[PDB]
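This report concerns only the one structure given below.
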Amino acid sequence: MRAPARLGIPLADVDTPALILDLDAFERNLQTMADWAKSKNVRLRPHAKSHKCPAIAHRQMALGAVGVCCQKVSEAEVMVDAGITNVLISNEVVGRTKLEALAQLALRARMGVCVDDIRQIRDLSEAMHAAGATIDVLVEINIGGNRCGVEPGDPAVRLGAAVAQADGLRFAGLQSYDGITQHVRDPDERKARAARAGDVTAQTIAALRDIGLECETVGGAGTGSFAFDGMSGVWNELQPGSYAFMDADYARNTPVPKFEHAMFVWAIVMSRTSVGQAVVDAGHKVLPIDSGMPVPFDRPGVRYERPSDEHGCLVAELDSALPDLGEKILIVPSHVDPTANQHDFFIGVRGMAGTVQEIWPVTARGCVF
Amino acid sequence: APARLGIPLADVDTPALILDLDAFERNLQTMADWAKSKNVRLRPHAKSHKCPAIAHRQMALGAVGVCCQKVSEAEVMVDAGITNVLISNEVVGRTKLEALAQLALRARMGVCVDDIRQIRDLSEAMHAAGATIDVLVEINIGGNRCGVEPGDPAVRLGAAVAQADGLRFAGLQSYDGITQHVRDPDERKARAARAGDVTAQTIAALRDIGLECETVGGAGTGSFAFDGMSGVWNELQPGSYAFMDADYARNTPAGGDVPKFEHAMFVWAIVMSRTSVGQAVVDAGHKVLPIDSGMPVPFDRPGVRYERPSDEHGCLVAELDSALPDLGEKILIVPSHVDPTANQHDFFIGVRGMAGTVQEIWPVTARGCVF
């Protein structure tokens with residue numbers, strides 16, 4: 001898979017569409033976050049689902065992250081293979097081969113996984129037993145996401161018991177994350193919903209303490225809740241992922257530290273037929289639209305709309321705001337995570353307040369198993 | 001790759017991209033037979049699968065070539081030996097045109113233009129490499145994306161192509177993506193007839209300056225029967241027809257003169273959380289089932305919907321718990337949209353006897369080809 005850049009060339013010669021990382025903004029975002037974590041004596045475990053890029057995992061580990069999160073065994077394999085020593089699979093795993101593969105991972109790095117069912121505890125036990133390996137296990141409670149996780153309270157307690165009492169499974173604490181909280185616009189709404197999850201998570205921590213189980217890790221938090229979760233004295237290992245790059249969806253939140261746009265799709269105008277519209281070579285195959293529309297970076301009046309597989313329409317009231325034929329433009333993605341998954345490389349660029357100084361493979365793209 | 005030849009579907013890893021080889025072959029045969037029956041050429045779109053193996057079966061049933069949206073897609077199809085390839089799109093950027101020039105030397109290539117500048121730069125690149133390319137002039141018929149206005153502006157670009165070196169004027173690209181998912185079939189055919197008329201006027205006004213259209217390219221899975229029988233289009237470009245998705249399943253079907261296609265493409269997913277009653281969570285989220293076109297639909301399993309996807313999770317919901325599959329059971333999901341779905345997987349898992357065991361594993365070799 002050939003990259004659309006070489007070290008040293010300016011931005012203007014990077015082929016399109018590419019995934020651009022403003023290395024200056026990116027490193028300030030990483031620094032901003034790592035400092036704030038330490039300043040509240042909570043651990044940092046950045047989500048690698050955001051970027052699927054070992055280079056960036058390494059950059060996060062250099063600023064004192066305890067490890068990274070992954071969603072799937074194959075992501076964790078890739079991160080381990082690149083010398084990431086501490087990986088939490090912030091998710092449940094079900095399937096004979098996935099668990100067998102997960103054991104083999106436990107032998108070669110400090111692995112974590114989550115469980116929300118006794119059935120998973122059982123199957124995770126035997127697999128680590130057969131391979132003679134041990135894995136830290138979180139119990140995942142459903143605090144409002146209504147995705148995975150057992151009801152908070154007694155149901156989490158019993159699973160916590162089953163994890164301590166089962167072979168190869170060291171009970172390591174709770175996973176407690178609500179995707180819905182992360183993008184609540186008003187920050188009193190966002191704090192209040194975070195505070196309520198905190199109370200529910202505190203009750204489960206307390207009910208486990210009553211049967212002689214401490215929580216080494218109270219895991220969770222996203223880019224929208226980490227500040228309240230970090231401050232609650234309930235969570236101690238924050239898992240934000242979007243914070244390093246930012247997207248248009250997070251831009252809509254009202255704000256605790258602030259993050260800079262550091263991830264962009266770089267697109268050429270390839271049709272300019274009428275006034276009031278320019279079409280770029282970046283459509284929803286490189287700018288997924290699960291979270292509304294991407295936004296042209298620092299170019300007011302100009303919106304991106306009506307994308308196809310391989311086209312985006314730039315539209316504005318003022319003809320010269322839109323780029324002409326042959327001109328390239330930076331586009332803010334609508335959602336960091338699915339956008340990283342649509343590119344084989346991050347093109348790291350310095351000077352953008354620009355020249356290519358890094359080419360990092362998105363090695364984890366395709367690790368869905 | 002999540003499978004091996006000989007294993008049953010049950011043992012395939014999740015989430016996987018399953019091709020029902022039986023329904024797929026029926027879809028290819030139906031479309032191939034129909035284009036022959038209406039005396040039009042078929043140039044199936046490869047943007048839909050990015051899978052050279054599928055392109056070969058299309059060529060094998062008498063396709064004149066394939067369509068690609070990007071030069072790097074075209075490059076992949078040529079290296080696998082599909083040697084007649086139209087870029088149903090404009091191309092801008094010296095680097096892309098130089099690579100296109102090098103493709104032209106080794107295959108019957110085509111590209112579209114809507115601007116004198118693309119004509120300028122494409123001639124120069126084709127000249128420099130000593131190659132030739134067939135060029136379609138693209139007209140906006142309702143898409144409101146690329147292409148110039150019908151009639152005179154097309155005529156002008158036609159004239160420029162003839163004049164320019166390495167550029168053979170090959171005719172018109174006339175396609176509207178909105179037309180394909182107009183739900184009412186009478187509404188759909190009327191939209192395609194209005195596009196027929198304005199495309200016919202552009203053909204006649206090009207005839208008045210000594211320019212014939214060898215190709216009148218266009219049509220999708222929604223419009224190909226109307227466009228094909230119009231006597232205006234002669235090279236249909238459907239792509240989704242071989243696979244099918246939930247978006248096309250929502251189209252109210254037209255009469256017996258328009259052929260039907262079966263679901264042949266699915267996402268194979270395991271329930272990896274079954275915590276509550278009336279919900280099961282699978283390991284196929286929107287990173288393997290894109291939702292640009294709306295919600296994927298669990299295959300032939302009524303009362304069960306797929307909703308509220310994250311990255312790596314989908315929620316199956318039912319009002320009757322027993323209808324849902326249980327923890328560790330695997331399920332087939334029809335994608336909402338063929339094209340971006342294919343782009344989220346590295347392999348098609350061909351599976352025979354689903355009406356099943358694995359017989360083919362076809363790499364999605366054009367994934368990544370965006371340049």
Side-chain angles (χ1 to χ4, degrees), chain A residues 1 3 18-19 21 26 30 45-62 65 67-93 95 97-98 101-102 104-106 108-114 239-245 247 262-263 265 285-286 288 290 333 335-348 358-369, chain B residues 1-2 13-17 272 283-290 310-313 343-347 363-364 367-368 370:
Chain A
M1 334 127 230
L19 189 54
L21 190 60
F26 162 74
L30 290 191
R45 186 190 286 280
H47 222 307
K49 92 176 139 143
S50 288
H51 54 65
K52 286 174 168 288
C53 182
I56 290 174
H58 285 300
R59 293 287 187 110
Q60 279 158 327
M61 293 308 267
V68 296
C69 295
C70 294
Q71 292 295 74
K72 300 299 217 336
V73 165
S74 48
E75 285 177 311
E77 289 200 281
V78 161
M79 291 294 158
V80 164
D81 284 8
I84 304 301
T85 205
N86 202 302
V87 173
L88 165 62
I89 297 173
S90 67
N91 186 22
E92 296 73 34
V93 176
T97 77
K98 327 193 165 290
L102 175 45
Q104 303 319 310
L105 272 185
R108 6 185 329 234
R110 221 211 285 179
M111 284 309 299
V113 66
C114 301
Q239 296 160 3
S242 294
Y243 80 90
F245 315 107
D247 54 40
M263 174 194 266
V265 169
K285 274 177 184 170
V286 294
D290 46 303
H335 195 182
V336 169
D337 315 61
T339 299
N341 198 47
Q342 302 308 103
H343 301 267
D344 294 310
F345 293 95
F346 285 80
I347 310 313
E358 309 284 347
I359 272 97
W360 297 329
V362 183
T363 311
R365 169 178 216 185
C367 304
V368 297
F369 308 108
Chain B
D13 210 11
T14 64
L17 188 67
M272 35 67 59
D283 60 337
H286 62 68
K287 277 176 180 166
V288 297
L289 281 165
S310 63
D311 286 4
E312 299 282 4
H313 307 91
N343 189 51
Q344 299 315 96
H345 303 266
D346 292 307
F347 291 97
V364 180
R367 180 181 199 191
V370 298

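Every chain is numbered from 1 and lettered A, B, ... according to where its sequence line falls, protein lines coming before strand lines.
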Contacts of type side chain to side chain contact (heavy atoms under 4.5 Å, CB included), residue [X], not counting sequence neighbours:
X: A/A340; value: A/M263, A/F346
X: A/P240; value: A/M33, A/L44, A/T223, A/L238, A/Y243
X: A/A109; value: A/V80
X: B/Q344; value: A/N341, A/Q342, B/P290

Q: Could you verify whether a donor N or O on one side chain and an acceptor N or O on the other, from A/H335 and A/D290, lie under 3.5 Å apart?
A: yes
Q: Verify whether one side chain among A/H47 and A/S90 offers a donor that lies under 3.5 Å from an acceptor in the other.
A: yes
Is any side-chain heavy atom of [X] closer than 4.5 Å to a side-chain heavy atom of [Y]?
X: A/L30; Y: A/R59; answer: yes
X: A/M111; Y: A/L88; answer: no
X: B/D346; Y: B/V364; answer: no

What's the separation between atom [atom1] in [X] and atom [atom2] in [Y], rounded to the nearest 0.5 Å?
X: A/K72; Y: A/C367; atom1: NZ; atom2: SG; value: 10.0 Å
X: A/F245; Y: A/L19; atom1: CZ; atom2: CG; value: 8.5 Å
X: A/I347; Y: A/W360; atom1: CD1; atom2: CH2; value: 10.5 Å
X: A/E358; Y: A/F345; atom1: CD; atom2: CZ; value: 13.5 Å

(Q) Run the salt bridge (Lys or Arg N to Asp or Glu O under 4.0 Å) test against A/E77 and tell me which residues pass, sequence neighbours left out. (A) none
(Q) Holding to salt bridge (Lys or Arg N to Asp or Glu O under 4.0 Å), I want the full list of residues that pass it with A/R110, two or more places apart in sequence or in another chain. (A) none
Q | Side-chain (A/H58) to main-chain (A/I84) donor-acceptor, under 3.5 angstrom | A | no
Q | Residue pair B/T14 / A/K98: nearest heavy atoms and the distance that separates them | A | O-NZ, 2.8 Å
